[PDB]
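Participant: compute the structure for the input listed below.
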Amino acid sequence: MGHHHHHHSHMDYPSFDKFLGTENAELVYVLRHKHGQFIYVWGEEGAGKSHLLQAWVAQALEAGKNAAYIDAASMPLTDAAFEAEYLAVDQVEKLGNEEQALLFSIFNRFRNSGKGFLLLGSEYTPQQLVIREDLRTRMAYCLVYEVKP
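Facilitator: Numbering: from 1, shown residues only. Dropping the coordinates below:
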């Protein structure tokens, strides 16, 4: 249920302070629920936080299934990513060439098999980001979800 998303550009404040009991509760803050197969978010999560991405990766890992999250602005993409069934990519925009074609191939392997779980987050939009048209068309297979009421 939902199907409602309207671009309300607010929440530009970090809002954080020292906890700071040094608990392992940081893992509990990660532990969330799963969601749709192909989900693209912008703002509410994909802003260099990726905690919901890590949650989604972890809940898949618990099922004995392969899952990984990659910072597209901190870590490079590898062919090893094809081992994972659940992929999460945050800060997608800085994709260059090989990694972008690799990602494209990932999209194909997903759509071809009828499998593949993907979660992307950034600050703009999939059809507005500076990417090649071959990848951009594949970005349309991912849903756009805003957690805004």
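Participant: where along this protein do the helices fall?
Facilitator: Taking DSSP state H as the test, the helices found in the chain are 25-30, 51-61, 98-113, 133-138.
Participant: pick the most buried one from those helices.
Facilitator: helix 51-61 (a mean of 20; mean count of other Cβ atoms under 10 Å). Yep, even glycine has a C-beta here, placed from its N, CA and C like the rest.
Participant: residues making contact with that one?
Facilitator: Helix 51-61 is contacted from outside by 29-35, 41, 45-46, 66-69, 85-86, 88, 90, 117, 119, 121, using Cβ atoms under 8 Å, 6 or more residues apart in numbering.
Participant: from the residues you listed, which land in strands?
Facilitator: 41, 67-69, 86, 88, 90, 117, 119, 121 (DSSP state E).
Participant: quick one on the thing from earlier: just the buried residues from the contacts of helix 51-61, in ChimeraX please.
Facilitator: In ChimeraX, a selection of the buried entries from the contacts of helix 51-61 looks like this (16 or more other Cβ atoms under 10 Å):
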select :30,41,45,46,67,68,69,85,86,88,90,117,119,121
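Participant: still on that earlier bit, who wins for proximity to residue 9 among the helices of the chain?
Facilitator: helix 51-61 (19.7 Å; Cβ to Cβ).
Participant: just to revisit the earlier point, can you list the helices of the chain in JSON lines and add distance to residue 127?
Facilitator: Converted to JSON lines, these look like this (distance: least, Cβ to Cβ, whole Å):
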{"stretch": "helix 25-30", "distance to residue 127": "30"}
{"stretch": "helix 51-61", "distance to residue 127": "21"}
{"stretch": "helix 98-113", "distance to residue 127": "15"}
{"stretch": "helix 133-138", "distance to residue 127": "6"}
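Participant: minimum distance to residue 8: which of the ones you listed has it?
Facilitator: Of all the helices of the chain, helix 51-61 comes closest under Cβ to Cβ, at 18.7 Å.
Participant: distance between the closest one and the chain's centre?
Facilitator: 10 Å (Cα atoms, centre = their mean, to the nearest Å).
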